[PDB]
There are 2 protein chains.
Amino acid sequence: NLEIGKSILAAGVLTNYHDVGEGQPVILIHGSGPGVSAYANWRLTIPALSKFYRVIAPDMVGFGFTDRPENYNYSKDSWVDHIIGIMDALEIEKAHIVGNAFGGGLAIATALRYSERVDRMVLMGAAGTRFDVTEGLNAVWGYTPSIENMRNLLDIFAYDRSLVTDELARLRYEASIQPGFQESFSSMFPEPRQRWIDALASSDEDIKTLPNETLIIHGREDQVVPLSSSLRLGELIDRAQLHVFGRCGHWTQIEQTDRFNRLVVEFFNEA
Amino acid sequence: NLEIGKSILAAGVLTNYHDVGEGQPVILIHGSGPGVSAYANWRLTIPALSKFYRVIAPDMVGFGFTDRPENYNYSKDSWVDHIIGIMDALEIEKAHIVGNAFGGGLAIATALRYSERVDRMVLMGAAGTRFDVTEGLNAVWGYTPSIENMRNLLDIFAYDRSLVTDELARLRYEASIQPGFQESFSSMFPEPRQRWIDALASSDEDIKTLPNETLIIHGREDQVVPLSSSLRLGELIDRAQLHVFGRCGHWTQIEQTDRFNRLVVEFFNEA
């Protein structure tokens with residue numbers, strides 16, 4: 001299973017992660033869908049970025065193949081603690097961070113609590129602001145295992161549904177039913193789910209204090225996180241750039257791969 | 001005067017233009033401020049693009065050093081005719097077009113009337129949609145010559161006013177009072193100016209039919225054309241990408257030069 005990489009103790013949690021490349025460190029933080037993992041989200045991104053940077057992609061606690069501690073208290077702050085724990089474990093003193101959706105919210109939160117540890121940020125269809133729960137997000141977080149339910153979620157993420165094949169739905173369905181996966185996922189964002197969007201968000205006041213050069217990316221047709229959320233982030237963050245991809249959903253790094261990789265590499269190259 | 005380049009008869013008008021580079025043709029269309037010219041707008045863009053493309057930058061009739069025909073009937077359609085006349089004169093059968101503000105409106109109009117002649121488009125703080133006249137635009141189009149009035153206009157265009165020096169205001173003031181310049185400019189967009197924003201615009205219905213890969217660029221702080229206008233263009237054009245620069249005004253190609261040039265070259269490279 002290529003989703004299983006290296007293992008390291010971070011913030012007291014045995015963590016599964018990928019580490020490819022040399023040079024300036026870049027931390028990639030995945031999203032929060034069922035069966036999600038660092039490899040699943042970043043397999044098409046790591047190869048491109050690792051040619052110029054040291055790319056670290058960990059499975060956040062509660063997701064992927066990282067340990068799922070008994071009675072673990074999941075929260076925005078605990079996840080930030082995990083990110084910092086991973087950086088500490090790898091002697092990464094300061095790094096750029098690419099946060100995908102759920103991961104974008106964590107990136108913003110990490111930059112606010114540990115400003116000295118974060119350089120540039122890329123926020124994709126990111127959590128971080130309070131937006132009204134969408135039917136797409138409620139469907140994603142409310143997922144129960146089945147190939148048809150996974151096919152529907154994949155359709156919700158994609159602009160071009162032709163990319164959603166029976167094989168892909170089957171493979172992700174299988175990833176979603178791995179031991180302990182659905183159990184931690186279902187108890188992660190229970191109804192009412194607006195509570196979790198709000199919990200993952202950072203206040204307008206706090207976001208306005210971010211000094212980091214930031215690149216906000218969003219798919220025009222995103223059905224999970226509304227474009228309006230990134231428009232708001234763009235008005236709050238001072239050194240921000242916004243890039244919106246037309247004909248693109250919640251899979252910006254997968255549906256607009258080459259454009260995405262070029263934008264991100266050049267953005268970091270500027271530093 | 002470096003603003004004076006080559007001369008060619010286009011659409012019956014003796015036209016001043018710049019032609020640098022080899023390969024795929026790219027037409028750069030300047031904005032509509034007092035003293036504006038192709039060189040003034042694109043001096044920092046041509047060098048970068050000409051390394052990979054053949055760059056054509058003409059002074060639109062009524063602006064710069066192109067002839068100002070007696071009793072000439074200026075209109076969106078006549079300007080489009082001029083653009084096509086320039087392309088015809090240079091045997092440019094199909095080209096990419098970069099339209100800056102006023103020029104963006106003309107680019108959209110050209111792509112609608114001569115779809116076969118236009119490939120990819122870059123629209124910067126572009127005209128093209130109906131937006132309420134801003135005080136910034138009313139000040140720009142209502143300009144009367146003076147170093148102080150020019151300094152104010154430059155401030156309206158810029159995010160970082162430190163770039164507006166006495167020398168720059170003086171030089172542009174001098175450009176604005178060249179023989180016949182202020183005369184054609186003042187009679188170009190007379191009050192009420194909303195009429196001209198509306199005249200330069202294309203209907204939502206027509207814009208929706210554009211099949212061209214398009215890159216929409218806008219400065220978050222643009223005081224002349226509101227960001228909301230480009231947000232609208234992004235929702236209308238199907239194959240569109242939107243890139244918004246924070247800490248940037250109506251001079252995207254000048255205030256974010258390196259980022260702008262990289263974005264444009266890679267966008268065209270995709271073709």
# chains A, B, ... in the order shown; residues from 1 in each chain; ligands from 1
>>> residues_around(residues="residue 236 of chain A", least_positions_apart="5", cutoff="7 Å", atoms="only C-alpha atoms", output="number ranges by chain")
A: 204, 207-208
>>> residues_around(residues="residue 90 of chain A", least_positions_apart="5", cutoff="9 Å", atoms="only C-alpha atoms", output="PyMOL selection string")
chain A and resi 8+10+85
>>> write_last_selection(atoms="N, CA, C and O atoms", output="mmCIF file, in the first residue's frame")
data_model
loop_
_atom_site.group_PDB
_atom_site.id
_atom_site.type_symbol
_atom_site.label_atom_id
_atom_site.label_comp_id
_atom_site.auth_asym_id
_atom_site.auth_seq_id
_atom_site.Cartn_x
_atom_site.Cartn_y
_atom_site.Cartn_z
ATOM 1 N N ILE A 8 7.062 7.900 12.415
ATOM 2 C CA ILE A 8 7.807 8.693 13.384
ATOM 3 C C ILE A 8 6.898 9.130 14.523
ATOM 4 O O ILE A 8 5.705 9.351 14.330
ATOM 5 N N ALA A 10 5.392 11.715 16.766
ATOM 6 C CA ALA A 10 5.186 13.159 16.713
ATOM 7 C C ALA A 10 4.075 13.562 17.678
ATOM 8 O O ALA A 10 2.948 13.065 17.592
ATOM 9 N N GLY A 85 4.369 18.985 16.196
ATOM 10 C CA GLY A 85 5.081 17.822 16.700
ATOM 11 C C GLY A 85 5.837 17.128 15.585
ATOM 12 O O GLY A 85 6.938 16.623 15.783
#
>>> closest_atom_pairs(of="chain B", to="chain A", cutoff="9 Å", atoms="only C-alpha atoms", output="JSON lines")
{"residue": "B:220", "atom": "CA", "partner": "A:235", "partner_atom": "CA", "distance": 8.0}
{"residue": "B:234", "atom": "CA", "partner": "A:246", "partner_atom": "CA", "distance": 7.7}
{"residue": "B:235", "atom": "CA", "partner": "A:220", "partner_atom": "CA", "distance": 8.0}
{"residue": "B:237", "atom": "CA", "partner": "A:246", "partner_atom": "CA", "distance": 8.5}
{"residue": "B:238", "atom": "CA", "partner": "A:246", "partner_atom": "CA", "distance": 6.6}
{"residue": "B:239", "atom": "CA", "partner": "A:246", "partner_atom": "CA", "distance": 5.9}
{"residue": "B:240", "atom": "CA", "partner": "A:246", "partner_atom": "CA", "distance": 5.1}
{"residue": "B:241", "atom": "CA", "partner": "A:245", "partner_atom": "CA", "distance": 4.8}
{"residue": "B:242", "atom": "CA", "partner": "A:244", "partner_atom": "CA", "distance": 5.0}
{"residue": "B:243", "atom": "CA", "partner": "A:243", "partner_atom": "CA", "distance": 4.4}
{"residue": "B:244", "atom": "CA", "partner": "A:242", "partner_atom": "CA", "distance": 5.0}
{"residue": "B:245", "atom": "CA", "partner": "A:241", "partner_atom": "CA", "distance": 4.8}
{"residue": "B:246", "atom": "CA", "partner": "A:240", "partner_atom": "CA", "distance": 5.1}
{"residue": "B:247", "atom": "CA", "partner": "A:239", "partner_atom": "CA", "distance": 6.7}
{"residue": "B:259", "atom": "CA", "partner": "A:267", "partner_atom": "CA", "distance": 8.8}
{"residue": "B:262", "atom": "CA", "partner": "A:266", "partner_atom": "CA", "distance": 8.7}
{"residue": "B:263", "atom": "CA", "partner": "A:263", "partner_atom": "CA", "distance": 8.3}
{"residue": "B:266", "atom": "CA", "partner": "A:262", "partner_atom": "CA", "distance": 8.7}
{"residue": "B:267", "atom": "CA", "partner": "A:259", "partner_atom": "CA", "distance": 8.8}
>>> write_last_selection(atoms="C-alpha atoms", output="mmCIF file, in the first residue's frame")
data_model
loop_
_atom_site.group_PDB
_atom_site.id
_atom_site.type_symbol
_atom_site.label_atom_id
_atom_site.label_comp_id
_atom_site.auth_asym_id
_atom_site.auth_seq_id
_atom_site.Cartn_x
_atom_site.Cartn_y
_atom_site.Cartn_z
ATOM 1 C CA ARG B 220 -7.368 43.784 -5.104
ATOM 2 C CA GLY B 234 -14.866 35.005 -14.271
ATOM 3 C CA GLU B 235 -18.373 33.656 -13.759
ATOM 4 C CA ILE B 237 -16.341 33.059 -19.314
ATOM 5 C CA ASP B 238 -16.243 29.249 -19.230
ATOM 6 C CA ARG B 239 -12.531 28.503 -19.677
ATOM 7 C CA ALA B 240 -11.449 31.240 -17.317
ATOM 8 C CA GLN B 241 -8.877 31.534 -14.571
ATOM 9 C CA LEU B 242 -8.826 34.502 -12.219
ATOM 10 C CA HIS B 243 -5.699 35.769 -10.532
ATOM 11 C CA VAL B 244 -6.069 38.569 -8.014
ATOM 12 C CA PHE B 245 -2.988 40.351 -6.668
ATOM 13 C CA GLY B 246 -3.226 41.707 -3.140
ATOM 14 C CA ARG B 247 -1.364 44.974 -2.524
ATOM 15 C CA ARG B 259 4.580 37.717 -11.157
ATOM 16 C CA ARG B 262 5.475 34.667 -15.365
ATOM 17 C CA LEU B 263 1.717 34.074 -15.243
ATOM 18 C CA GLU B 266 3.131 30.163 -18.804
ATOM 19 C CA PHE B 267 -0.504 30.737 -19.712
#
>>> atom_distance(atom1="atom CA of residue 19 of chain A", atom2="atom CA of residue 7 of chain A")
10.3 Å
>>> select_by_dssp(residues="segment 121-187 of chain A", states="strand (DSSP E)", output="VMD selection string")
chain A and resid 121 to 124
>>> write_last_selection(atoms="N, CA and C atoms", output="PDB file, in the first residue's frame")
ATOM      1  N   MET A 121       2.386  30.302   2.755  1.00  0.00           N
ATOM      2  CA  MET A 121       1.246  29.391   2.818  1.00  0.00           C
ATOM      3  C   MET A 121       0.450  29.339   1.529  1.00  0.00           C
ATOM      4  N   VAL A 122      -0.053  28.151   1.218  1.00  0.00           N
ATOM      5  CA  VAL A 122      -0.906  27.947   0.059  1.00  0.00           C
ATOM      6  C   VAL A 122      -2.155  27.346   0.684  1.00  0.00           C
ATOM      7  N   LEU A 123      -3.291  27.993   0.461  1.00  0.00           N
ATOM      8  CA  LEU A 123      -4.555  27.539   1.021  1.00  0.00           C
ATOM      9  C   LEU A 123      -5.487  27.167  -0.124  1.00  0.00           C
ATOM     10  N   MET A 124      -5.851  25.886  -0.207  1.00  0.00           N
ATOM     11  CA  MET A 124      -6.715  25.388  -1.286  1.00  0.00           C
ATOM     12  C   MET A 124      -8.122  25.037  -0.805  1.00  0.00           C
TER      13      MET A 124
END
>>> closest_residue(among="B:55, B:201, B:175, B:164", to="residue 95 of chain B", atoms="only C-alpha atoms")
B:55
>>> residues_around(residues="residue 148 of chain B", least_positions_apart="4", cutoff="9 Å", atoms="only C-alpha atoms", output="VMD selection string")
chain B and resid 152 to 153 169 to 170 173
>>> closest_residue(among="A:92, A:150, A:225, A:97", to="residue 136 of chain A", atoms="only C-alpha atoms")
A:225
>>> closest_residue(among="A:233, A:27, A:111, A:254", to="residue 130 of chain A", atoms="only C-alpha atoms")
A:233
>>> closest_residue(among="B:127, B:84, B:163, B:137", to="residue 104 of chain B", atoms="only C-alpha atoms")
B:127
>>> residues_around(residues="residue 29 of chain A", least_positions_apart="2", cutoff="8 Å", atoms="only C-alpha atoms", output="list in words")
residues 27, 31, 38, 57, 58, 59, 60, 97, 98, 99, 100, 103, 104 and 107 of chain A
>>> write_last_selection(atoms="N, CA, C and O atoms", output="short mmCIF file (atom, residue, chain, number, x, y, z; two decimals), in the first residue's frame")
data_model
loop_
_atom_site.label_atom_id
_atom_site.label_comp_id
_atom_site.auth_asym_id
_atom_site.auth_seq_id
_atom_site.Cartn_x
_atom_site.Cartn_y
_atom_site.Cartn_z
N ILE A 27 5.49 21.60 4.02
CA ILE A 27 4.59 20.65 4.65
C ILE A 27 3.26 20.64 3.91
O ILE A 27 2.63 21.69 3.74
N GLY A 31 -6.85 16.90 3.15
CA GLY A 31 -8.22 17.25 3.50
C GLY A 31 -8.84 16.28 4.50
O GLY A 31 -8.14 15.44 5.07
N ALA A 38 -2.36 11.38 3.24
CA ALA A 38 -1.41 12.30 2.62
C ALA A 38 -1.06 11.86 1.19
O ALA A 38 -1.03 12.68 0.27
N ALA A 57 4.74 15.11 3.83
CA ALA A 57 3.29 14.92 3.77
C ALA A 57 2.86 13.86 4.78
O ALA A 57 2.97 12.66 4.51
N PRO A 58 2.37 14.29 5.95
CA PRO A 58 1.93 13.39 7.02
C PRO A 58 0.43 13.12 7.06
O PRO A 58 -0.37 13.94 6.62
N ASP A 59 0.06 11.98 7.61
CA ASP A 59 -1.35 11.66 7.77
C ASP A 59 -1.69 12.28 9.13
O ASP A 59 -1.08 11.94 10.14
N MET A 60 -2.63 13.21 9.15
CA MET A 60 -3.02 13.86 10.39
C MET A 60 -3.68 12.84 11.32
O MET A 60 -4.39 11.95 10.86
N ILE A 97 3.80 25.96 4.05
CA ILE A 97 2.74 24.99 4.27
C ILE A 97 1.67 25.10 3.20
O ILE A 97 1.25 26.20 2.84
N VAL A 98 1.25 23.95 2.69
CA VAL A 98 0.19 23.88 1.69
C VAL A 98 -0.94 23.15 2.39
O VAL A 98 -0.80 21.98 2.75
N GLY A 99 -2.06 23.84 2.61
CA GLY A 99 -3.18 23.23 3.30
C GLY A 99 -4.38 23.03 2.40
O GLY A 99 -4.92 23.99 1.85
N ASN A 100 -4.81 21.78 2.26
CA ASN A 100 -5.95 21.47 1.43
C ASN A 100 -7.24 21.35 2.24
O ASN A 100 -7.41 20.41 3.02
N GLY A 103 -7.08 20.92 5.80
CA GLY A 103 -5.68 21.24 6.04
C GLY A 103 -5.36 22.71 5.95
O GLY A 103 -4.40 23.19 6.55
N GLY A 104 -6.18 23.44 5.18
CA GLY A 104 -5.96 24.88 5.04
C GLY A 104 -6.35 25.57 6.32
O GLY A 104 -5.74 26.57 6.72
N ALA A 107 -3.58 25.04 8.62
CA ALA A 107 -2.43 25.85 8.23
C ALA A 107 -2.58 27.26 8.80
O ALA A 107 -1.64 27.82 9.37
#
>>> decode(residues="segment 140-173 of chain A", atoms="N, CA, C and O atoms", output="short mmCIF file (atom, residue, chain, number, x, y, z; two decimals), in the first residue's frame")
data_model
loop_
_atom_site.label_atom_id
_atom_site.label_comp_id
_atom_site.auth_asym_id
_atom_site.auth_seq_id
_atom_site.Cartn_x
_atom_site.Cartn_y
_atom_site.Cartn_z
N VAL A 140 -20.15 14.75 2.46
CA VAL A 140 -18.79 14.24 2.66
C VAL A 140 -18.57 13.80 4.10
O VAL A 140 -18.15 12.66 4.36
N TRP A 141 -18.86 14.68 5.05
CA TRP A 141 -18.69 14.36 6.46
C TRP A 141 -19.70 13.34 6.97
O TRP A 141 -19.46 12.66 7.97
N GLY A 142 -20.84 13.22 6.28
CA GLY A 142 -21.86 12.27 6.69
C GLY A 142 -21.76 10.92 5.99
O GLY A 142 -22.67 10.09 6.07
N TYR A 143 -20.67 10.71 5.28
CA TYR A 143 -20.45 9.47 4.54
C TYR A 143 -20.58 8.19 5.37
O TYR A 143 -20.11 8.13 6.51
N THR A 144 -21.22 7.19 4.78
CA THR A 144 -21.35 5.85 5.36
C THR A 144 -20.84 5.04 4.16
O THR A 144 -21.14 5.37 3.01
N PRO A 145 -20.07 3.98 4.41
CA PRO A 145 -19.50 3.14 3.35
C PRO A 145 -20.41 2.42 2.35
O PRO A 145 -21.35 1.72 2.71
N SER A 146 -20.07 2.59 1.07
CA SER A 146 -20.73 1.93 -0.05
C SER A 146 -20.07 2.48 -1.31
O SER A 146 -19.63 3.63 -1.34
N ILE A 147 -19.97 1.66 -2.35
CA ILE A 147 -19.35 2.13 -3.58
C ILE A 147 -20.16 3.27 -4.20
O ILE A 147 -19.60 4.19 -4.80
N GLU A 148 -21.49 3.20 -4.05
CA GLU A 148 -22.35 4.24 -4.59
C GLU A 148 -22.21 5.54 -3.80
O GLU A 148 -22.22 6.63 -4.38
N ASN A 149 -22.08 5.44 -2.48
CA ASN A 149 -21.91 6.65 -1.68
C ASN A 149 -20.56 7.29 -1.98
O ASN A 149 -20.44 8.52 -1.99
N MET A 150 -19.55 6.46 -2.22
CA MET A 150 -18.23 7.00 -2.53
C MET A 150 -18.25 7.63 -3.92
O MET A 150 -17.61 8.66 -4.15
N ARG A 151 -18.97 7.01 -4.85
CA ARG A 151 -19.06 7.55 -6.21
C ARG A 151 -19.70 8.93 -6.15
O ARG A 151 -19.26 9.86 -6.83
N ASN A 152 -20.73 9.07 -5.33
CA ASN A 152 -21.41 10.35 -5.17
C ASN A 152 -20.47 11.40 -4.60
O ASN A 152 -20.46 12.55 -5.06
N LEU A 153 -19.67 11.01 -3.60
CA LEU A 153 -18.74 11.97 -3.01
C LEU A 153 -17.69 12.40 -4.02
O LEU A 153 -17.31 13.57 -4.09
N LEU A 154 -17.20 11.45 -4.80
CA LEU A 154 -16.20 11.76 -5.81
C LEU A 154 -16.81 12.74 -6.81
O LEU A 154 -16.13 13.67 -7.26
N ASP A 155 -18.08 12.54 -7.16
CA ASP A 155 -18.76 13.43 -8.09
C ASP A 155 -18.87 14.83 -7.49
O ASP A 155 -18.77 15.82 -8.21
N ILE A 156 -19.08 14.90 -6.18
CA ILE A 156 -19.18 16.18 -5.49
C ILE A 156 -17.86 16.94 -5.53
O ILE A 156 -17.85 18.17 -5.61
N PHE A 157 -16.75 16.21 -5.48
CA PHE A 157 -15.42 16.82 -5.51
C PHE A 157 -15.00 17.26 -6.92
O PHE A 157 -14.33 18.27 -7.08
N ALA A 158 -15.40 16.48 -7.92
CA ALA A 158 -15.02 16.75 -9.30
C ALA A 158 -15.90 17.65 -10.13
O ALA A 158 -17.11 17.74 -9.93
N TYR A 159 -15.27 18.33 -11.09
CA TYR A 159 -15.99 19.18 -12.03
C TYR A 159 -16.32 18.25 -13.20
O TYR A 159 -17.46 18.18 -13.66
N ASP A 160 -15.30 17.53 -13.66
CA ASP A 160 -15.45 16.59 -14.78
C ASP A 160 -15.69 15.19 -14.23
O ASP A 160 -14.76 14.47 -13.90
N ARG A 161 -16.96 14.82 -14.15
CA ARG A 161 -17.36 13.52 -13.63
C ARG A 161 -16.83 12.32 -14.40
O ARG A 161 -16.88 11.20 -13.89
N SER A 162 -16.32 12.55 -15.61
CA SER A 162 -15.79 11.46 -16.42
C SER A 162 -14.57 10.85 -15.74
O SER A 162 -14.18 9.72 -16.04
N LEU A 163 -13.98 11.60 -14.82
CA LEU A 163 -12.80 11.14 -14.09
C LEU A 163 -13.19 10.17 -12.99
O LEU A 163 -12.35 9.44 -12.47
N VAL A 164 -14.47 10.18 -12.62
CA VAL A 164 -14.95 9.29 -11.57
C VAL A 164 -15.36 7.96 -12.19
O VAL A 164 -16.45 7.83 -12.74
N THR A 165 -14.46 6.99 -12.11
CA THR A 165 -14.71 5.66 -12.68
C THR A 165 -15.14 4.67 -11.60
O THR A 165 -14.98 4.94 -10.41
N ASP A 166 -15.69 3.54 -12.03
CA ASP A 166 -16.11 2.51 -11.09
C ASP A 166 -14.91 2.04 -10.29
O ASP A 166 -15.01 1.78 -9.09
N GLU A 167 -13.77 1.93 -10.96
CA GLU A 167 -12.55 1.49 -10.30
C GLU A 167 -12.11 2.46 -9.21
O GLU A 167 -11.72 2.05 -8.13
N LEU A 168 -12.19 3.76 -9.51
CA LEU A 168 -11.79 4.76 -8.52
C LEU A 168 -12.72 4.73 -7.31
O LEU A 168 -12.27 4.77 -6.16
N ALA A 169 -14.03 4.65 -7.56
CA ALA A 169 -14.99 4.61 -6.47
C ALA A 169 -14.75 3.37 -5.62
O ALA A 169 -14.80 3.42 -4.39
N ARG A 170 -14.47 2.25 -6.28
CA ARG A 170 -14.20 0.99 -5.61
C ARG A 170 -12.94 1.08 -4.75
O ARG A 170 -12.92 0.63 -3.61
N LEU A 171 -11.88 1.65 -5.31
CA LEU A 171 -10.62 1.77 -4.58
C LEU A 171 -10.74 2.68 -3.36
O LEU A 171 -10.21 2.37 -2.30
N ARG A 172 -11.44 3.80 -3.51
CA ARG A 172 -11.60 4.71 -2.38
C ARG A 172 -12.57 4.14 -1.35
O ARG A 172 -12.44 4.40 -0.16
N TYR A 173 -13.54 3.35 -1.82
CA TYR A 173 -14.48 2.72 -0.90
C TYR A 173 -13.66 1.78 -0.02
O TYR A 173 -13.78 1.77 1.20
#
